[PDB]
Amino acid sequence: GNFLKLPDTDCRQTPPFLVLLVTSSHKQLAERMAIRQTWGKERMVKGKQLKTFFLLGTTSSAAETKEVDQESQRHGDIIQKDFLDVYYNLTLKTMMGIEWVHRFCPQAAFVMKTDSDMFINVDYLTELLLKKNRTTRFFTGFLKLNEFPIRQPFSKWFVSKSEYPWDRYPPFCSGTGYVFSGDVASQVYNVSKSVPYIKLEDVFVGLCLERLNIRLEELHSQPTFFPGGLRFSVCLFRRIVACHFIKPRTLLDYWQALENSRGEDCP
């Protein structure tokens, strides 16, 4: 599969319950370290195995190349393929992660693709997953159902009519963080080359899911995914799965708050 870097794991021996695939550019070492020290820390969560890997492509920069080589050597948690790691190549990065699950970890019960500027509550996510009784053809997150392509030319998410010629996007979930049953990875990988490419990764996955007839589902009766970010509170963060707009310093502070208050009660 032309993988330059592969994590040392055997999902056949110990099938992980939840695999986290984290998107980050080469320069965001601070983000990756904050994640490795917080929600990315591997552990058993109610007796279920959590694994964490970082998706990276390549860069022309020789300095960044060497630092990332040393990072893979020291941590062994990087999935890499030879593609120019840039904002408009995020679809390739996501498809790399899905490919990895298909080729090396089809046994994962659940997989979460996430960004780096995020807070993830794996404890609460694990709890809501064990209650969903949804183990196949499952896909959830912040549902985006009647989205219109952004035609504002200088917008970060701008797509021309050539890049995406229709008025509305298919159903999809925010790329900030989304979760799917491990089987979905093999199906998406299979249909990927037959689906119209788009540079927005979360839309593309939505295209694949629609071609597969996989319907999006809300994970819980209450919102748990917050692409818009949130006012922080220990009690709120104990009852959510994901929150965006969180920088590394802020992530460490929030993790410390949750540890400092662990064993207090909440309304």
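The first residue of the shown sequence is 1; numbering continues from there.
Higher mean CA B-factor, judged across 68 to 76 and 147 to 155 from the recorded values: 68 to 76. The question of which stretch, 254 to 262 or 9 to 17, has the higher mean Cα B factor is settled in favour of 9 to 17.
Residue-level inspection of the entry shows that, of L129, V188, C105, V195, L129 has the top Cα B-factor.
Each of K93, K113, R134, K161 has a CA temperature factor in the record; the biggest one is found at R134. Compared with the other modelled residues of the chain, the Cα B-factor recorded for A62 ranks in the highest third.
The PDB entry assigns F138 a C-alpha temperature factor belonging to the middle third of its chain's modelled residues. In this PDB entry, the Cα temperature factor of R211 sits in the bottom third of its chain's modelled residues, the lowest group. Per the deposited record, the Cα B-factor of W166 falls in the lowest third when ranked against the other modelled residues of its chain. Ranked by Cα temperature factor within the chain, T52 sits in the middle third according to the deposited record.
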